[PDB]
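Take a look at the letters that make up each chain.
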Amino acid sequence: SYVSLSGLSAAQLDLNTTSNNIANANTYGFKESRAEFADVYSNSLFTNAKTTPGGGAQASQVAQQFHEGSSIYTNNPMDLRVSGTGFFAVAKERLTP
Amino acid sequence: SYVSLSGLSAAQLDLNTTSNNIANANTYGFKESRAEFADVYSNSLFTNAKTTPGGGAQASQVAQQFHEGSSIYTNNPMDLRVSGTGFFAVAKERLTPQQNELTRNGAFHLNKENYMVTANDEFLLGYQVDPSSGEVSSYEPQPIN
Amino acid sequence: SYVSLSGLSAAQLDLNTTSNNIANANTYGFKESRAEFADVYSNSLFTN
Amino acid sequence: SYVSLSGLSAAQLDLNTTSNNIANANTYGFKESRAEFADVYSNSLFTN
Amino acid sequence: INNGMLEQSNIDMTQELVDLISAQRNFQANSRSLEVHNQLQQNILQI
Amino acid sequence: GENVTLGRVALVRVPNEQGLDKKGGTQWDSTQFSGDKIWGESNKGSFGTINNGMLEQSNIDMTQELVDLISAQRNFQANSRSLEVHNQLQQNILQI
Amino acid sequence: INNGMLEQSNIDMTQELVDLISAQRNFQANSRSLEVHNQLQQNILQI
Amino acid sequence: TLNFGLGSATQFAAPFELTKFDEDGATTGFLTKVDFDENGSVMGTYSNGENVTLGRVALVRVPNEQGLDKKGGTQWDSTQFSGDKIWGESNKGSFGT
Amino acid sequence: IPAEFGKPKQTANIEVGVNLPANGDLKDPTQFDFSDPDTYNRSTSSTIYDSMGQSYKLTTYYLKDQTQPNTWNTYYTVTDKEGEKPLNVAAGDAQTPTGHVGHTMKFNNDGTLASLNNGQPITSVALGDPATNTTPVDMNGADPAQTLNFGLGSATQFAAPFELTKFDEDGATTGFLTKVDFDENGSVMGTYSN
């Protein structure tokens, strides 16, 4: 059950990641996220562990895949895009950079 | 009752193995496990052998079936896959290449030191080849830079 | 789809340029305009 | 399922290549692109 | 840096829909396993 | 414009893959029963090849896993029925 | 502070339903244990 | 004492404007997130971008755990059949993670 | 079910066809030293096998003769676990003060090969026999009297850059277990890399 519950949780985490990706289909500058998982296996000195099964599925990390997104064209000079590698830098307060 | 209890235990072990297989349906590099069982039989010079039943079911080993799994495509050069026989070698610590473990998933990236590491920030192992060399010059394992 | 939308936009820009050329067939001193286009290819460290 | 997904990806890649070709129908100096595919078969010690 | 352009998201709707289907299938299978484990425990609890 | 090779990935093979001990996070280590780690390049001898841009999923079959779930549940129920019969027999003896 | 928004509850219906099932199972197991204790006491009280 | 620099001050037709304000003061951090690594070290990040390790959790392993005496509240204490408390880090030697 | 199956065959004939750059810089025959790349022009690496199936790396060095036009000096080296031990030709007409003996290649003005080793065949000294070579190859119990025959009858020198057009050898190391299947007779059959 705890292994099955871990499977449910992993599937729902992948669901949430996909839904977040789908929602942001129209936002400017968004980067998709990917959910990666790892197996669970652990034992102490007391347990034999020659014939013990797995411990389920554990969430490893939600990645932030940074492959270039497509461009729209507005014909407005105030709209800028970084073609290639780089980020714009924006400061909350004018004084402090 | 002990033999029936053994049967329950064997069935529950098979259940746990199958559930662990199901839970890891999405993880990268996972290998399914198959649980094998063996009979239990042991008689003394002092039991009639033919008048004595068996002794139940004992768990033999949880296998680790290592058949190739399917591939997905991310179009990301940092993702690697071993088509065929082989494991990647990953080191817990950058300096030591002895403390290494074998893995099959290839979700790699570069960390702030420009080392190819896994999700756990475990450094991948590779061979040193010179910019003009051909085959492996030093066949010892050290982190890829 | 953004590729197809880009193609639509390029064709429509050429349409507008041609229409401006045709409209001014009678004005004195006018010089025709030509629309030139370039391919798009984003070089990133990813995307092979 | 993964094989079907691979087929979908192949079809979509051909779509993207063709759409890029069509979009650049007016650009000067453009060269068309052709998408070629290869089969997948894993040779392992298991799996008969 | 190019003016007159904006970056959209870097997602593929096709892949997202397919992953939605796959994740639903995985969730359903795991819930089936959990139901099986509840049924086994209920079966023992009736002796 | 300097295209220089920075290394090559190491590929590790053990003679007995069933005998590898299971660590956490989809990792294994070599043991007494797994033999010594055989270090080699890719595409050499019996080693496989390395493809970038891809990942390996699980090697499980949902159909087969679901069927094995059904069969294991059935075996569990049969064994519990046997245990119930034994308990009933003992109770029957204990009421003379 | 963001205007125009509210915070909903921070509960997960899936996890809550699963915990409901698990807690019911624990309750049933403990009730089975109390039954055995009564049965044992009644068994003593019939000599 | 305070040293003030106004070498770039100007007086034009434009209204009052504070074009630049730069200082070297630094008050403190503010705890923002806490995470533990596999070594048990606790790392905390602060508003000033100051990621400082605050310690690492102690792990105790006794040779005979069966001999531990049971206190209340899911706690155990060392005895002599349990041996002496071996203090160590995590992921070192025979300890876990 | 052996992981490697085969009958290793020692390397005996090495046929090499190269094009040597005519526009490459001239080099000093007496100043040749395989530790210094700048003394020669080009270096190629090849793998050879002993009697027992051990793999060794063979590096070939080509040097452009400065004293004599359209003439080249070629040296061989065998790489073992202790270092790079030079391999000497018994009757090669290219000699160095360091005791490394190569062979000379001469070409015509139309770019074709003129002569090889003053018309004598290129046979090297025994690899692992210390009585014939000042740098014996450590063959780890294999046949120490193994010798190599080098064939370069199709080598050329044109304006084109250095090119290794053809490399042919008879060596055979071993197999590598690749697949296993059982027939209806119970016979277990295995296929290998070779």
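As shown above, the structure is provided for reference.
**Points about the overall build of chain H**
Right, on to step 1. For chain H, the helix and strand inventory stands at zero helices and seven strands.
Right, on to step 2. A compact globule built from 97 residues would reach a C-alpha radius of gyration of about 13 Å, whereas chain H, at 27 Å, exceeds it by more than 25%.
Right, on to step 3. Principal-axis analysis of the C-alpha atoms gives chain H an extent of 90 × 30 × 25 Å.
Right, on to step 4. For chain H, long-range pairs separated by at least 24 residues make up 22% of all intrachain contacts whose partners lie at least 6 apart in sequence.
Right, on to step 5. For chain H, the accessible area works out to roughly 8,500 Å², and carbon and sulfur atoms hold 53% of it.
Right, on to step 6. On chain H, the mean spot of the 8 positive side-chain charges and the mean spot of the 13 negative ones are 12 Å from each other.

**Observations concerning the sheet that holds strand β1 (residues 33–36) of chain H**
Residues and elements named next belong to chain H.
Right, on to step 1. Strand order across the open sheet formed by three strands is β1-β2-β3, with antiparallel pairing between neighbours. Only two strands of the sheet have a single neighbouring strand rather than two, namely β1 and β3 (52–56). On average, each strand axis in the sheet is inclined to that of its neighbour by 25 degrees, with strand direction left out of account.
Right, on to step 2. Examined bridge by bridge, β1 and strand β2 (residues 41–45) share four bridges and lie antiparallel to one another. Each bridged residue has a counterpart across the sheet, and for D35 the counterpart in β2 is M43.

**Thoughts on the nonpolar core**
Right, on to step 1. Ranked by internal contacts, the top residues of the largest apolar core, which has 27 residues, are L20, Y62, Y76, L87, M105, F150 and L152 of chain I.
Right, on to step 2. Elements represented by at least two residues in this core include exactly β1 (13–19), β3 (55–64), β4 (71–80) and β7 (101–107) of chain I.
Right, on to step 3. Among all residues touching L152 of chain I, those that are not within four sequence positions of it are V16, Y62, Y76, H103, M105, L113, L116 and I122 of chain I.
Right, on to step 4. Counting residues in hydrophobic clusters, the runner-up holds 15 residues, among them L8 of chain B, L40 of chain E together with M62 and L69 of chain F.

**A short note on the pattern of salt bridges**
Right, on to step 1. For the coordinates displayed, the defined rule picks out 29 salt bridges over all chains.
Right, on to step 2. Its salt-bridge partner being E68 of chain B, residue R81 of chain B comes within 2.7 Å of it at the nearest N-O pair. Of the two residues, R81 of chain B is situated in strand β4 (residues 80–83) and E68 of chain B in the loop between β2 (57–62) and β3 (71–73); the sequence distance between them amounts to 13 residues. Neither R81 of chain B nor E68 of chain B differs from the other in exposure class; each is buried.
Right, on to step 3. Residues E56 of chain F and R81 of chain B are paired through a salt bridge, measuring 2.8 Å at the closest nitrogen-oxygen approach. With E56 of chain F in strand β7 (residues 54–56) and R81 of chain B in strand β4, this pair bridges two chains.
Right, on to step 4. On the accessibility criterion, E56 of chain F (0% relative accessible area) is buried.

**Observations regarding the packing of aromatic side chains**
Residue and element names in this part refer to chain I.
Right, on to step 1. What the rule picks out here adds up to 16 aromatic pairs over all chains.
Right, on to step 2. On the numbers, 5.8 Å between centres and 50 degrees between planes, the contact of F32 with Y40 is tilted. Judged on exposure class, the residue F32 and its partner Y40 are both buried.
Right, on to step 3. Through a chain of ring-to-ring contacts, the aromatic side chains of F32, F34, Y40, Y61 and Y75 assemble into a single cluster.

**Some details on the interface of chain B and chain F**
Right, on to step 1. Between chain B and chain F, the contact holds 71 residues from the first and 54 residues from the second.
Right, on to step 2. Three residues stand out in chain B for area buried against chain F, namely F87, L102 and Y127 of chain B, and they jointly supply 12% of the buried area on that side.
Right, on to step 3. The tally of links between chain B and chain F comes to three salt bridges.
Right, on to step 4. Here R104 of chain B and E56 of chain F are joined by a salt bridge, their closest N and O atoms 2.6 Å apart.
Right, on to step 5. Linking chain B with chain F are 31 residue pairs in polar contact.
Right, on to step 6. Those elements that place two or more of their residues in the side of chain B that touches chain F are α1 (2–23), β3, β4, β5 (87–91), β6 (100–103), β9 (123–128) and β10 (138–143) of chain B.

**Overview of unusual backbone geometry**
Right, on to step 1. Its identity as a non-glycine residue notwithstanding, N75 of chain B has a phi of 55 degrees, on the positive side.
Right, on to step 2. As for its position among the elements, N75 of chain B is in the loop between β3 and β4.
Right, on to step 3. Within the chain, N70 of chain I stands out as a residue other than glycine whose phi angle is a positive 55 degrees.
Right, on to step 4. Along the chain, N70 of chain I falls in the loop between β3 and β4.

**Focus: the interface of chain A and chain H**
Right, on to step 1. Counting residues at the interface gives four residues for chain A, matched by six residues for chain H.
Right, on to step 2. Buried area between chain A and chain H, both sides added, is near 460 Å², and the carbon and sulfur share of it is 58%.
Right, on to step 3. Together, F46, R94 and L95 of chain A form the three largest contributors to the area buried by chain A at its contact with chain H, with a combined 86%.
Right, on to step 4. Linking chain A to chain H there are one salt bridge.
Right, on to step 5. The partner of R94 of chain A in a salt bridge is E17 of chain H, with the nearest N and O atoms 3.9 Å apart.

**Regarding the pairing of strand β2 (residues 42–49) of chain I**
Right, on to step 1. Pairing of β2 of chain I with β3 of chain I involves eight bridges; the strand directions are antiparallel. From the neighbouring strand, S46 of chain I faces β3 of chain I, where its bridge partner is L58 of chain I.

Calculation criteria
- Residues numbered from 1 in each chain as written, not as in the entry; some residues may be left out.
- Chains lettered and ligands numbered in written order.
- Part of a larger assembly, values for the part shown.
- Heavy atoms only, no water.
- Helix = DSSP H or I, 4+ residues; strand = E, 2+ residues; numbered from the N terminus.
- Rg over C-alpha atoms; globule rule 2.2 N^0.38 Å.
- Contact = heavy atoms within 4.5 Å.
- Areas by Shrake-Rupley, 256 points an atom, 1.4 Å probe, with all protein chains shown as cover.
- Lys, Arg positive; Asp, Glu negative; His and termini not counted.
- Charge placed at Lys NZ, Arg CZ, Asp CG, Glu CD.
- Pairing = 2+ DSSP bridges.
- Axes fitted to C-alpha atoms, helices over the stretch in contact; angles between N-to-C directions.
- Core = buried A, V, L, I, M, F, W, Y, C linked by side-chain atoms within 4.5 Å.
- Buried < 20%, exposed > 50% of the residue type's maximum accessible area, 1.4 Å probe, protein only.
- Salt bridge = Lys/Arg side-chain N within 4 Å of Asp/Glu carboxyl O.
- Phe/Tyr/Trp six-rings, centres within 6.5 Å; stacked < 30°, edge-to-face > 60°.
- Buried area = accessible area lost by both parts, 1.4 Å probe.
- Polar contact = N/O pair within 3.5 Å; in protein donor to acceptor, adjacent residues only side chain to side chain.

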